[PDB]
Amino acid sequence: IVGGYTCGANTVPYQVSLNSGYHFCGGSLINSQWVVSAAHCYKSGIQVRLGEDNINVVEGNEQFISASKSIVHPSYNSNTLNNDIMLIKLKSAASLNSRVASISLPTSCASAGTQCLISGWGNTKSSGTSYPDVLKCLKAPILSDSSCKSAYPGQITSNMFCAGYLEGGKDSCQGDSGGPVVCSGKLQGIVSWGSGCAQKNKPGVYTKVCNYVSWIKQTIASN
Ligand SMILES: NCc1ccccc1
Ligand SMILES: [Ca+2]
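Each value, and the rule that gives it
- Residues numbered from 1 in each chain as written, not as in the entry; some residues may be left out.
- Chains lettered and ligands numbered in written order.
- Heavy atoms only, no water.
- Residues with missing side-chain atoms left out of burial classes, pairs and counts.
- Disulfide = S-S within 2.5 Å.
- Helix = DSSP H or I, 4+ residues; strand = E, 2+ residues; numbered from the N terminus.
- Buried < 20%, exposed > 50% of the residue type's maximum accessible area, 1.4 Å probe, protein only.
- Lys, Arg positive; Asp, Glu negative; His and termini not counted.
- Salt bridge = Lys/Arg side-chain N within 4 Å of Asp/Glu carboxyl O.
- Contact = heavy atoms within 4.5 Å.
- 1 Å grid on protein atoms, 1.4 Å probe; cavity = no way out; pocket = protein on both sides within 12 Å on 5 of 7 lines; lining within 4 Å.
- Points joined across faces, edges and corners; volume = space filled by probe spheres on them.
- Nonpolar A, V, L, I, M, F, W, Y, C, P; charged D, E, K, R; others polar.

- Structure determination for this entry is recorded as X-ray crystallography, at 0.980 Å resolution.

## So, the state of the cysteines
- By the definition in use, this model includes 6 disulfides.
- Each sulfur of the disulfide joining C7 and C137 lies 2.0 Å from the other. Handedness of the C7-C137 disulfide follows from its S-S torsion of about 110 degrees: it is right-handed. With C7 in the loop between β1 (5–6) and β2 (15–19) and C137 in strand β9 (residues 136–141), this pair connects stretches of sequence that are 130 residues apart.
- Residue classification places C7 among the buried residues on the basis of a relative accessible area of 13%.
- Between the sulfur of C173 and that of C197 lies a disulfide, 2.0 Å long from S to S. A torsion of 85 degrees about the S-S bond marks the disulfide between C173 and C197 as right-handed. Placement of the pair is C173 in the loop between β10 (160–163) and β11 (180–183) and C197 in the loop between β12 (186–193) and β13 (204–208), with a sequence separation of 24 residues.
- On the basis of relative accessible area, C197 is assigned to the buried category, the value being 4%.
- Each bonded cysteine of the protein chain gets a number by its place in the sequence, and the pairs then read 1-6, 2-3, 4-12, 5-10, 7-8, 9-11.

## Focus: the side chain of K208
- Tracing the backbone shows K208 in strand β13.
- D145 is the oppositely charged side chain nearest to the buried, salt-bridge-free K208, at an N-O distance of 5.0 Å.
- Sequence-distant contacts of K208, defined by excluding residues within four places in its chain, comprise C109, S158, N159, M160, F161 and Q188.

## Focus on the layout of surface pockets
- Each pocket or cavity is described by its volume, and for the largest pocket that value is around 180 Å³.
- If you trace the largest pocket, you find 17 residues lining it, with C173, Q174, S192, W193 and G194 closest to the centre.
- Here the element with the most residues in the lining of the largest pocket is β12; it accounts for 3 residues.
- In terms of residue class, the lining of the largest pocket is made up of 5 nonpolar, 10 polar and 2 charged.

Structure, rendered in structure tokens:
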């Protein structure tokens, strides 16, 4: 997250870190046994880390649970990033409390102008590299589809939205991928892609979760 603020420990209780020896992507806890992330975060050998603030220090609220099954969306296209969404089943159920909690799936799609919360452990610089150890947060609005398509001609599908600031300075970044965009208490987006971080006229692009609720629910019900 570039241009954000320190969230505070366990203030984003649905945020998970995906770990393969190191943090590599975010995700969101959607019930006691399932996480949603980005398909482009797929790899074998995932441990899901719940209850994290500092990812390099054991602080006392963590739960570390290995994945039993990963399911990339049937229509994920790694060249265009269309359908950039993946479900991860935990080997055992997490213990839910105020500091580790699920986020609800949306009933309706959010409109442009809605303010959302984006969070992650990704790079904090637009030029160069600095990776934080504690969770960072950013408040950002959903942009109109027309602004999004004008920023990224030929690249925005109906399964994507833009959020952020056309003036730059505040954005998600590498290492935030897979993490949540929460608006009005519901999971509306997944950190997906963009051109660089926090550059003028190049806002972040997010997977539009409201298009996937039926697939998510059906998949959970049968796996
Ligand atoms: N600035 C959007 C973004 C998010 C994740 C990875 C790359 C770029
Ligand atoms: Ca920790």
